[PDB]
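Undergrad: Got upload_2.pdb for you, PDB, C-alpha atoms and all ligand atoms:
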ATOM      1  CA  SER K  50       0.000   0.000   0.000
ATOM      2  CA  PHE K  51       2.739   2.510   1.097
ATOM      3  CA  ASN K  52       4.929   1.583  -1.889
ATOM      4  CA  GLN K  53       2.029   2.148  -4.322
ATOM      5  CA  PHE K  54       1.484   5.581  -2.691
ATOM      6  CA  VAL K  55       5.175   6.591  -3.085
ATOM      7  CA  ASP K  56       5.892   5.228  -6.566
ATOM      8  CA  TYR K  57       2.568   6.362  -8.133
ATOM      9  CA  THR K  58      -0.172   8.112  -5.988
ATOM     10  CA  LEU K  59       2.221  10.901  -4.758
ATOM     11  CA  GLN K  60       2.818  12.110  -8.412
ATOM     12  CA  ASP K  61      -0.864  12.045  -9.451
ATOM     13  CA  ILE K  62      -1.682  14.222  -6.408
ATOM     14  CA  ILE K  63       1.091  16.694  -7.490
ATOM     15  CA  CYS K  64      -0.607  16.774 -10.998
ATOM     16  CA  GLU K  65      -4.391  16.957 -10.252
ATOM     17  CA  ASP K  66      -4.684  20.673  -9.296
ATOM     18  CA  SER K  67      -0.926  21.102 -10.124
ATOM     19  CA  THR K  68      -0.594  24.385 -12.126
ATOM     20  CA  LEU K  69      -1.718  27.791 -10.697
ATOM     21  CA  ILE K  70      -2.032  30.983 -12.843
ATOM     22  CA  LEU K  71      -2.391  34.727 -11.974
ATOM     23  CA  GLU K  72      -3.434  37.262 -14.671
ATOM     24  CA  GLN K  73      -2.695  41.038 -14.289
ATOM     25  CA  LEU K  74      -4.733  42.861 -16.962
ATOM     26  CA  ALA K  75      -4.381  46.713 -17.186
ATOM     27  CA  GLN K  76      -6.887  49.637 -17.061
ATOM     28  CA  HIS K  77      -6.171  50.240 -20.832
ATOM     29  CA  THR K  78      -5.807  54.039 -20.315
ATOM     30  CA  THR K  79      -2.319  54.632 -21.984
ATOM     31  CA  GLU K  80       1.353  53.806 -20.936
ATOM     32  CA  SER K  81       1.922  52.659 -18.034
ATOM     33  CA  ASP K  82      -1.560  51.075 -18.877
ATOM     34  CA  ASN K  83      -2.820  48.818 -21.813
ATOM     35  CA  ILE K  84      -0.591  45.794 -20.697
ATOM     36  CA  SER K  85      -2.357  42.429 -20.019
ATOM     37  CA  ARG K  86      -0.251  39.550 -18.496
ATOM     38  CA  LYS K  87      -0.753  35.909 -17.261
ATOM     39  CA  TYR K  88       1.869  34.151 -15.018
ATOM     40  CA  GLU K  89       2.232  30.297 -14.644
ATOM     41  CA  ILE K  90       3.667  28.074 -11.856
ATOM     42  CA  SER K  91       3.951  24.439 -13.032
ATOM     43  CA  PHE K  92       4.536  21.174 -11.164
ATOM     44  CA  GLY K  93       6.624  18.492 -12.803
ATOM     45  CA  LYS K  94       8.359  15.282 -11.666
ATOM     46  CA  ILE K  95       8.333  14.408  -7.940
ATOM     47  CA  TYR K  96      11.658  13.227  -6.412
ATOM     48  CA  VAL K  97      12.014  11.427  -3.084
ATOM     49  CA  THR K  98      15.431  11.160  -1.361
ATOM     50  CA  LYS K  99      16.371   8.215   0.910
ATOM     51  CA  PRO K 100      15.846   9.098   4.681
ATOM     52  CA  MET K 101      17.944  12.008   6.138
ATOM     53  CA  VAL K 102      18.323  14.291   9.199
ATOM     54  CA  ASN K 103      19.145  18.016   9.226
ATOM     55  CA  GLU K 104      21.287  18.544  12.379
ATOM     56  CA  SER K 105      21.334  21.835  14.511
ATOM     57  CA  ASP K 106      24.654  22.736  12.841
ATOM     58  CA  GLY K 107      23.921  22.859   9.069
ATOM     59  CA  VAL K 108      24.935  19.194   8.223
ATOM     60  CA  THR K 109      22.253  16.976   6.584
ATOM     61  CA  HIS K 110      23.192  13.272   6.504
ATOM     62  CA  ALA K 111      21.586   9.790   6.180
ATOM     63  CA  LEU K 112      19.493   8.831   9.245
ATOM     64  CA  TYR K 113      19.169   5.116  10.191
ATOM     65  CA  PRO K 114      16.156   3.657  12.151
ATOM     66  CA  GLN K 115      18.079   2.956  15.414
ATOM     67  CA  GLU K 116      19.289   6.666  15.521
ATOM     68  CA  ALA K 117      15.664   7.797  14.867
ATOM     69  CA  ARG K 118      14.314   5.786  17.810
ATOM     70  CA  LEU K 119      17.196   6.802  20.166
ATOM     71  CA  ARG K 120      17.442  10.554  19.432
ATOM     72  CA  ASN K 121      13.587  10.794  19.175
ATOM     73  CA  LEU K 122      13.719  11.798  15.474
ATOM     74  CA  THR K 123      11.363  11.247  12.556
ATOM     75  CA  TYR K 124      12.309   8.576   9.964
ATOM     76  CA  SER K 125      11.434  10.845   7.095
ATOM     77  CA  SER K 126      12.916  11.451   3.659
ATOM     78  CA  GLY K 127      12.803  14.644   1.528
ATOM     79  CA  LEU K 128      10.255  15.414  -1.185
ATOM     80  CA  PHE K 129      11.485  17.444  -4.221
ATOM     81  CA  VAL K 130       9.435  18.872  -7.181
ATOM     82  CA  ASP K 131      10.557  20.393 -10.522
ATOM     83  CA  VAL K 132       8.781  23.805 -10.570
ATOM     84  CA  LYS K 133       8.659  25.983 -13.739
ATOM     85  CA  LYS K 134       7.594  29.672 -13.748
ATOM     86  CA  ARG K 135       6.330  30.822 -17.178
ATOM     87  CA  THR K 136       5.314  34.440 -18.063
ATOM     88  CA  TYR K 137       2.993  35.718 -20.873
ATOM     89  CA  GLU K 138       1.720  39.126 -22.246
ATOM     90  CA  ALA K 139      -0.913  40.804 -24.627
ATOM     91  CA  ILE K 140      -1.914  44.413 -25.633
ATOM     92  CA  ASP K 141      -5.335  46.186 -25.082
ATOM     93  CA  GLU K 146      -5.503  37.994 -26.885
ATOM     94  CA  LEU K 147      -2.103  36.611 -28.048
TER      95      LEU K 147
ATOM     96  CA  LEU Z  22       7.602  28.727  54.524
ATOM     97  CA  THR Z  23       9.672  28.362  57.793
ATOM     98  CA  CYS Z  24       9.050  26.327  61.007
ATOM     99  CA  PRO Z  25       7.739  28.405  63.906
ATOM    100  CA  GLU Z  26       8.715  25.769  66.551
ATOM    101  CA  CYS Z  27      12.472  25.841  65.789
ATOM    102  CA  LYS Z  28      13.854  28.501  63.347
ATOM    103  CA  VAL Z  29      17.530  27.777  62.497
ATOM    104  CA  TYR Z  30      18.690  30.105  59.617
ATOM    105  CA  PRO Z  31      18.789  27.575  56.741
ATOM    106  CA  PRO Z  32      15.221  26.076  57.020
ATOM    107  CA  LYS Z  33      15.648  22.323  56.310
ATOM    108  CA  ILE Z  34      12.043  21.607  55.203
ATOM    109  CA  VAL Z  35      10.837  18.537  53.111
ATOM    110  CA  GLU Z  36       7.959  18.043  50.652
ATOM    111  CA  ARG Z  37       6.496  14.602  51.432
ATOM    112  CA  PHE Z  38       4.434  14.552  48.234
ATOM    113  CA  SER Z  39       3.024  10.979  48.502
ATOM    114  CA  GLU Z  40       1.789  11.744  52.108
ATOM    115  CA  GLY Z  41       0.664  15.217  50.852
ATOM    116  CA  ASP Z  42       2.393  17.392  53.436
ATOM    117  CA  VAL Z  43       5.123  20.052  53.736
ATOM    118  CA  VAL Z  44       7.060  19.008  56.877
ATOM    119  CA  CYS Z  45       9.921  20.435  58.960
ATOM    120  CA  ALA Z  46      12.647  17.771  58.683
ATOM    121  CA  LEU Z  47      14.336  18.997  61.885
ATOM    122  CA  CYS Z  48      11.297  18.894  64.311
ATOM    123  CA  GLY Z  49       8.711  16.822  62.427
ATOM    124  CA  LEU Z  50       5.922  19.437  62.475
ATOM    125  CA  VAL Z  51       3.770  19.418  59.308
ATOM    126  CA  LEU Z  52       3.633  23.013  58.063
ATOM    127  CA  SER Z  53       1.020  22.383  55.232
ATOM    128  CA  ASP Z  54      -1.710  19.754  54.588
ATOM    129  CA  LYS Z  55      -2.858  20.994  51.169
ATOM    130  CA  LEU Z  56      -0.387  19.990  48.416
ATOM    131  CA  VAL Z  57      -0.894  19.872  44.610
ATOM    132  CA  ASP Z  58       0.576  17.751  41.829
ATOM    133  CA  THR Z  59       1.988  20.487  39.608
ATOM    134  CA  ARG Z  60       2.692  18.267  36.583
ATOM    135  CA  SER Z  61      -0.896  16.819  36.596
ATOM    136  CA  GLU Z  62      -2.303  20.380  37.208
ATOM    137  CA  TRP Z  63      -0.367  21.718  34.156
ATOM    138  CA  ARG Z  64      -2.015  18.846  32.114
ATOM    139  CA  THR Z  65      -5.438  20.655  32.252
ATOM    140  CA  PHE Z  66      -3.978  23.576  30.202
ATOM    141  CA  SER Z  67      -1.637  21.605  27.870
ATOM    142  CA  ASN Z  68      -2.866  18.105  26.832
ATOM    143  CA  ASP Z  69      -3.516  15.272  24.238
ATOM    144  CA  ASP Z  70      -7.105  16.724  23.915
ATOM    145  CA  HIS Z  71      -7.718  18.521  20.542
ATOM    146  CA  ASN Z  72     -11.186  16.883  20.322
ATOM    147  CA  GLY Z  73     -12.616  18.587  23.448
ATOM    148  CA  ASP Z  74     -13.875  15.437  25.208
ATOM    149  CA  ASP Z  75     -11.589  15.616  28.299
ATOM    150  CA  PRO Z  76     -13.390  16.944  31.475
ATOM    151  CA  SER Z  77      -9.861  17.502  32.919
ATOM    152  CA  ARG Z  78      -8.725  19.807  29.969
ATOM    153  CA  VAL Z  79     -10.393  23.035  31.136
ATOM    154  CA  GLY Z  80      -7.713  25.684  30.373
ATOM    155  CA  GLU Z  81      -5.198  26.872  27.707
ATOM    156  CA  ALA Z  82      -1.526  27.864  27.809
ATOM    157  CA  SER Z  83      -0.123  31.202  26.578
ATOM    158  CA  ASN Z  84       3.263  32.897  26.097
ATOM    159  CA  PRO Z  85       3.204  36.191  28.118
ATOM    160  CA  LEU Z  86       6.794  36.992  27.002
ATOM    161  CA  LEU Z  87       5.647  37.134  23.336
ATOM    162  CA  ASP Z  88       1.801  37.221  23.024
ATOM    163  CA  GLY Z  89       1.473  39.641  25.987
ATOM    164  CA  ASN Z  90      -1.996  39.590  27.586
ATOM    165  CA  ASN Z  91      -4.196  38.722  24.585
ATOM    166  CA  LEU Z  92      -6.839  36.133  25.473
ATOM    167  CA  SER Z  93      -8.986  35.327  22.446
ATOM    168  CA  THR Z  94     -11.389  32.596  21.231
ATOM    169  CA  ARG Z  95     -12.047  31.651  17.547
ATOM    170  CA  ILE Z  96     -15.706  31.786  16.487
ATOM    171  CA  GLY Z  97     -15.865  28.480  14.552
ATOM    172  CA  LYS Z  98     -18.116  25.856  12.887
ATOM    173  CA  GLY Z  99     -19.358  23.333  15.475
ATOM    174  CA  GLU Z 100     -21.442  20.080  15.136
ATOM    175  CA  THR Z 101     -24.725  22.046  14.724
ATOM    176  CA  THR Z 102     -23.923  25.347  12.974
ATOM    177  CA  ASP Z 103     -25.717  27.460  10.357
ATOM    178  CA  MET Z 104     -22.870  29.031   8.380
ATOM    179  CA  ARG Z 105     -24.849  32.325   8.263
ATOM    180  CA  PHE Z 106     -24.074  33.114  11.993
ATOM    181  CA  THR Z 107     -20.400  32.082  11.719
ATOM    182  CA  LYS Z 108     -20.027  34.622   8.866
ATOM    183  CA  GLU Z 109     -22.147  37.353  10.641
ATOM    184  CA  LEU Z 110     -20.133  37.021  13.918
ATOM    185  CA  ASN Z 111     -16.800  36.906  12.166
ATOM    186  CA  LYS Z 112     -17.863  39.889   9.967
ATOM    187  CA  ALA Z 113     -18.637  41.683  13.305
ATOM    188  CA  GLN Z 114     -15.146  40.838  14.665
ATOM    189  CA  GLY Z 115     -13.623  42.513  11.606
ATOM    190  CA  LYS Z 116     -15.259  45.915  12.358
ATOM    191  CA  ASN Z 117     -14.059  45.467  15.995
ATOM    192  CA  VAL Z 118     -10.463  45.033  14.632
ATOM    193  CA  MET Z 119      -9.350  48.658  15.292
ATOM    194  CA  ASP Z 120      -6.079  47.475  17.007
ATOM    195  CA  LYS Z 121      -3.108  49.883  17.741
ATOM    196  CA  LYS Z 122       0.087  50.521  15.656
ATOM    197  CA  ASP Z 123       1.878  47.884  17.887
ATOM    198  CA  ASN Z 124      -1.230  45.537  18.059
ATOM    199  CA  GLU Z 125      -0.737  45.504  14.207
ATOM    200  CA  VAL Z 126       3.142  45.186  14.610
ATOM    201  CA  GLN Z 127       2.482  41.560  15.802
ATOM    202  CA  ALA Z 128       2.288  41.121  11.959
ATOM    203  CA  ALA Z 129       6.109  41.518  12.091
ATOM    204  CA  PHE Z 130       6.055  38.227  14.087
ATOM    205  CA  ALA Z 131       3.946  36.665  11.253
ATOM    206  CA  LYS Z 132       6.851  37.718   8.993
ATOM    207  CA  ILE Z 133       9.542  36.023  11.225
ATOM    208  CA  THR Z 134       7.286  32.896  11.415
ATOM    209  CA  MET Z 135       7.130  32.896   7.566
ATOM    210  CA  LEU Z 136      10.933  33.560   7.432
ATOM    211  CA  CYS Z 137      11.919  30.775   9.882
ATOM    212  CA  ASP Z 138       9.768  28.056   8.200
ATOM    213  CA  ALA Z 139      11.415  29.217   4.884
ATOM    214  CA  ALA Z 140      14.896  29.063   6.575
ATOM    215  CA  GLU Z 141      13.988  25.496   7.848
ATOM    216  CA  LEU Z 142      14.497  26.912  11.415
ATOM    217  CA  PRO Z 143      13.087  25.482  14.701
ATOM    218  CA  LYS Z 144      10.233  26.752  16.882
ATOM    219  CA  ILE Z 145      12.727  27.841  19.580
ATOM    220  CA  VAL Z 146      14.619  30.067  17.071
ATOM    221  CA  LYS Z 147      11.314  31.912  16.151
ATOM    222  CA  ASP Z 148      10.497  32.426  19.875
ATOM    223  CA  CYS Z 149      13.985  33.944  20.279
ATOM    224  CA  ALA Z 150      13.926  36.098  17.096
ATOM    225  CA  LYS Z 151      10.369  37.292  17.993
ATOM    226  CA  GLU Z 152      11.753  37.987  21.508
ATOM    227  CA  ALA Z 153      14.884  40.049  20.528
ATOM    228  CA  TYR Z 154      12.835  41.980  17.922
ATOM    229  CA  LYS Z 155       9.960  42.788  20.458
ATOM    230  CA  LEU Z 156      12.651  44.338  22.725
ATOM    231  CA  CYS Z 157      14.679  46.360  20.169
ATOM    232  CA  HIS Z 158      12.084  47.531  17.486
ATOM    233  CA  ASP Z 159      10.930  50.614  19.518
ATOM    234  CA  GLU Z 160      14.569  51.535  20.524
ATOM    235  CA  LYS Z 161      16.195  54.954  20.032
ATOM    236  CA  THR Z 162      19.610  53.148  19.883
ATOM    237  CA  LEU Z 163      18.310  51.549  16.591
ATOM    238  CA  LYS Z 164      16.291  54.647  15.436
ATOM    239  CA  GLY Z 165      15.702  54.755  11.637
ATOM    240  CA  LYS Z 166      17.636  51.537  10.827
ATOM    241  CA  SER Z 167      16.417  49.548   7.741
ATOM    242  CA  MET Z 168      13.302  47.851   9.237
ATOM    243  CA  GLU Z 169      13.696  44.900   6.797
ATOM    244  CA  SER Z 170      17.296  44.343   8.137
ATOM    245  CA  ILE Z 171      16.374  44.860  11.856
ATOM    246  CA  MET Z 172      14.108  41.768  11.988
ATOM    247  CA  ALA Z 173      16.649  39.723   9.893
ATOM    248  CA  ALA Z 174      19.260  40.689  12.491
ATOM    249  CA  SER Z 175      16.996  39.311  15.301
ATOM    250  CA  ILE Z 176      16.848  35.951  13.389
ATOM    251  CA  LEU Z 177      20.703  35.664  13.757
ATOM    252  CA  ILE Z 178      20.335  36.789  17.466
ATOM    253  CA  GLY Z 179      17.811  33.886  17.901
ATOM    254  CA  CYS Z 180      20.005  31.380  16.000
ATOM    255  CA  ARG Z 181      23.106  32.305  18.034
ATOM    256  CA  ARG Z 182      21.284  31.482  21.345
ATOM    257  CA  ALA Z 183      19.388  28.323  20.187
ATOM    258  CA  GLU Z 184      22.794  26.934  18.947
ATOM    259  CA  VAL Z 185      21.124  26.426  15.474
ATOM    260  CA  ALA Z 186      24.002  27.312  13.126
ATOM    261  CA  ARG Z 187      23.181  29.830  10.340
ATOM    262  CA  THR Z 188      25.629  32.051   8.388
ATOM    263  CA  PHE Z 189      25.110  35.828   7.916
ATOM    264  CA  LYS Z 190      25.279  35.130   4.127
ATOM    265  CA  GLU Z 191      22.421  32.534   4.603
ATOM    266  CA  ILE Z 192      20.039  35.003   6.339
ATOM    267  CA  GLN Z 193      21.331  37.704   3.866
ATOM    268  CA  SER Z 194      19.955  35.663   0.909
ATOM    269  CA  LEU Z 195      16.799  34.582   2.868
ATOM    270  CA  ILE Z 196      15.299  38.146   2.948
ATOM    271  CA  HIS Z 197      17.740  40.750   1.303
ATOM    272  CA  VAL Z 198      20.717  42.058   3.265
ATOM    273  CA  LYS Z 199      22.687  45.312   2.850
ATOM    274  CA  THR Z 200      25.840  43.779   4.533
ATOM    275  CA  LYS Z 201      27.080  46.951   6.401
ATOM    276  CA  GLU Z 202      23.461  47.864   7.454
ATOM    277  CA  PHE Z 203      22.519  44.360   8.814
ATOM    278  CA  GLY Z 204      25.934  44.195  10.562
ATOM    279  CA  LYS Z 205      25.343  47.559  12.297
ATOM    280  CA  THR Z 206      21.724  46.657  13.267
ATOM    281  CA  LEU Z 207      22.988  43.255  14.619
ATOM    282  CA  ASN Z 208      25.458  45.236  16.892
ATOM    283  CA  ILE Z 209      23.051  47.864  18.387
ATOM    284  CA  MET Z 210      20.645  45.000  19.357
ATOM    285  CA  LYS Z 211      23.640  42.921  20.667
ATOM    286  CA  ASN Z 212      24.610  46.025  22.735
ATOM    287  CA  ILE Z 213      20.920  46.258  23.962
ATOM    288  CA  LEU Z 214      21.781  44.031  27.012
TER     289      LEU Z 214
HETATM  290 ZN    ZN N 301      10.632  22.442  63.237
END
Render the structure in this file as structure tokens.
TA:
Amino acid sequence: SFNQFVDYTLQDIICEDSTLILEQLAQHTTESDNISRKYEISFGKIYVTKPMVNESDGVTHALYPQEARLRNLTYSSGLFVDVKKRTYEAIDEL
Amino acid sequence: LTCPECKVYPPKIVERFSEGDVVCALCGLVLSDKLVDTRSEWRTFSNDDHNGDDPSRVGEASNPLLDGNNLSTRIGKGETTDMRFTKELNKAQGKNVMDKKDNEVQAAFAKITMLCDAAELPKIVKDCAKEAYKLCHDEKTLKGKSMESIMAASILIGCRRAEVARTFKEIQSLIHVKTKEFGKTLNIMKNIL
């Protein structure tokens, strides 16, 4: 069940809503106006590191289960996503 | 407390918790009969209860040092709730939000909270940065120092104490740091006791 979630499920969740856009259309008066824009934030591939710990002093290293139990830490691994930020523009459709 | 019966300068008095008394070890006289379990008493304010089932959980903790004396209760959707009233009552709370210039400067804490989570910094660091800032922000010693760099300087002041290692260059990139400015602001605050 957990494996299915990691290998597949996790990505499909990052792709359902995924992309979020914000459009800043002008008043169309005259310069600085008559500039319509639309900005994109896109979610690509999801990466999952093997388990690690980020110590007080900078240093992030591999965390093993015994260490986790003994130092009361969470046996967690990092989630990484390829994010792309696209920008578009039109005057007073394209 | 101190034993009336004897009275030798250092009062050697014992807390016989299991027997529920405060006793004078020297003479044997019980000085108090009423005794409370502090740890179990504290568990009525801070607890496992998030549900609101616990008849023991009757209070709530607060941080005077940072929150000050602001006791507030969310108006929220319960089991039976017409959304109309929740909106109405919360709309009403909005008009009643006419808070001071410093009761609106608690939004500078909301900034540090957003800056620490972004810096992958612990809860203790925030509570230290929010502390050092709350003490120096109004200061004449600081005066018209770059407000953006004053709160970034308190993040290093918080990190230095909580032993959480962070470089000046790290915090510099985290917000935007004018090196000489955020080095001067980090010294007036460091001088502020
Ligand atoms: Zn005595």
Undergrad: Rounded to one decimal in Å, what is the spacing between atom CA of residue 60 of chain K and atom CA of residue 128 of chain K?
TA: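 Interatomic distance here is 10.9 Å.
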Undergrad: Please give the centre and size of the box around segment 93-100 of chain K (axis-aligned, containing every atom listed in the file, 5 Å added per side), with values in Å to one decimal and written as JSON.
TA:
{"center_x": 11.5, "center_y": 13.4, "center_z": -4.1, "size_x": 19.7, "size_y": 20.3, "size_z": 27.5}
Undergrad: Would you write out, as an MDAnalysis selection string, every residue that the ChimeraX specification (/K :<12) & /Z captures in this file?
TA: chainID Z and resid 140:143 145:146 180:188 191
Undergrad: Write out as a VMD selection string each polymer residue (protein, DNA or RNA) that has an atom no more than 8 Å from ligand ZN 301 (chain N), with only C-alpha atoms and all ligand atoms counted.
TA: chain Z and resid 24 to 28 45 to 50
Undergrad: Between Z:119, Z:52, Z:35, Z:198, which has the minimum distance to residue 167 of chain Z (counting all atoms listed in the file)?
TA: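 Of Z:119, Z:52, Z:35, Z:198, the one nearest residue 167 of chain Z, counting all atoms listed in the file, is Z:198.
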Undergrad: May I ask for the distance between atom CA of residue 99 of chain Z and atom CA of residue 117 of chain Z, given in Å to one decimal place?
TA: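 If I compute the distance from atom CA of residue 99 of chain Z to atom CA of residue 117 of chain Z, I get 22.8 Å.
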Undergrad: For a test of reading the model, state the distance in Å between atom CA of residue 166 of chain Z and atom CA of residue 203 of chain Z, rounded to one decimal.
TA: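 It comes out at 8.9 Å.
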Undergrad: Given the file shown, enumerate the residues that the PyMOL selection byres (((chain K and resi 96) around 10) and not hetatm) captures and present them as a PDB file with C-alpha atoms, keeping the file's coordinate frame.
TA:
ATOM      1  CA  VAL K  55       5.175   6.591  -3.085  1.00  0.00           C
ATOM      2  CA  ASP K  56       5.892   5.228  -6.566  1.00  0.00           C
ATOM      3  CA  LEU K  59       2.221  10.901  -4.758  1.00  0.00           C
ATOM      4  CA  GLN K  60       2.818  12.110  -8.412  1.00  0.00           C
ATOM      5  CA  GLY K  93       6.624  18.492 -12.803  1.00  0.00           C
ATOM      6  CA  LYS K  94       8.359  15.282 -11.666  1.00  0.00           C
ATOM      7  CA  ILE K  95       8.333  14.408  -7.940  1.00  0.00           C
ATOM      8  CA  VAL K  97      12.014  11.427  -3.084  1.00  0.00           C
ATOM      9  CA  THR K  98      15.431  11.160  -1.361  1.00  0.00           C
ATOM     10  CA  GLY K 127      12.803  14.644   1.528  1.00  0.00           C
ATOM     11  CA  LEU K 128      10.255  15.414  -1.185  1.00  0.00           C
ATOM     12  CA  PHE K 129      11.485  17.444  -4.221  1.00  0.00           C
ATOM     13  CA  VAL K 130       9.435  18.872  -7.181  1.00  0.00           C
ATOM     14  CA  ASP K 131      10.557  20.393 -10.522  1.00  0.00           C
TER      15      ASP K 131
END
Undergrad: When you count all atoms listed in the file, which of these residues is closest to residue 87 of chain Z: Z:67, Z:127, Z:134, Z:101?
TA: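 Nearest to residue 87 of chain Z: Z:127.
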Undergrad: Excluding residue 128 of chain Z and its own-chain neighbours fewer than 5 positions away, which residues fall within 12 Å of it when counting all atoms listed in the file? Please give them as a list in words.
TA: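 Once the adjacent positions are removed, what remains is residues 88, 120, 121, 122, 123, 133, 134, 135, 151, 155 and 172 of chain Z.
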Undergrad: Can you write just those residues out, C-alpha atoms, as a JSON list (two decimals), in the frame of the given file?
TA:
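again-v9.json written:
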[["chain", "number", "residue", "atom", "x", "y", "z"],
["Z", 88, "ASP", "CA", 1.80, 37.22, 23.02],
["Z", 120, "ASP", "CA", -6.08, 47.48, 17.01],
["Z", 121, "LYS", "CA", -3.11, 49.88, 17.74],
["Z", 122, "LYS", "CA", 0.09, 50.52, 15.66],
["Z", 123, "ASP", "CA", 1.88, 47.88, 17.89],
["Z", 133, "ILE", "CA", 9.54, 36.02, 11.22],
["Z", 134, "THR", "CA", 7.29, 32.90, 11.42],
["Z", 135, "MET", "CA", 7.13, 32.90, 7.57],
["Z", 151, "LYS", "CA", 10.37, 37.29, 17.99],
["Z", 155, "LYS", "CA", 9.96, 42.79, 20.46],
["Z", 172, "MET", "CA", 14.11, 41.77, 11.99]]
Undergrad: Using the chain letters and numbers from this file, what does the PyMOL selection byres (((chain K and resi 78-85) around 6) and not hetatm) select? Give the answer as a PyMOL selection string.
TA: chain K and resi 73-77+86+138-141
Undergrad: Using all atoms listed in the file, which residues sit within 10 Å of segment 71-79 of chain Z once same-chain residues fewer than 5 positions away are excluded, as number ranges by chain?
TA: Z: 61-66
Undergrad: Rank nothing, just name the residue among K:51, K:109, K:146, K:101 nearest to residue 126 of chain K, using only C-alpha atoms.
TA: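 Ranking K:51, K:109, K:146, K:101 by distance to residue 126 of chain K, first place goes to K:101.
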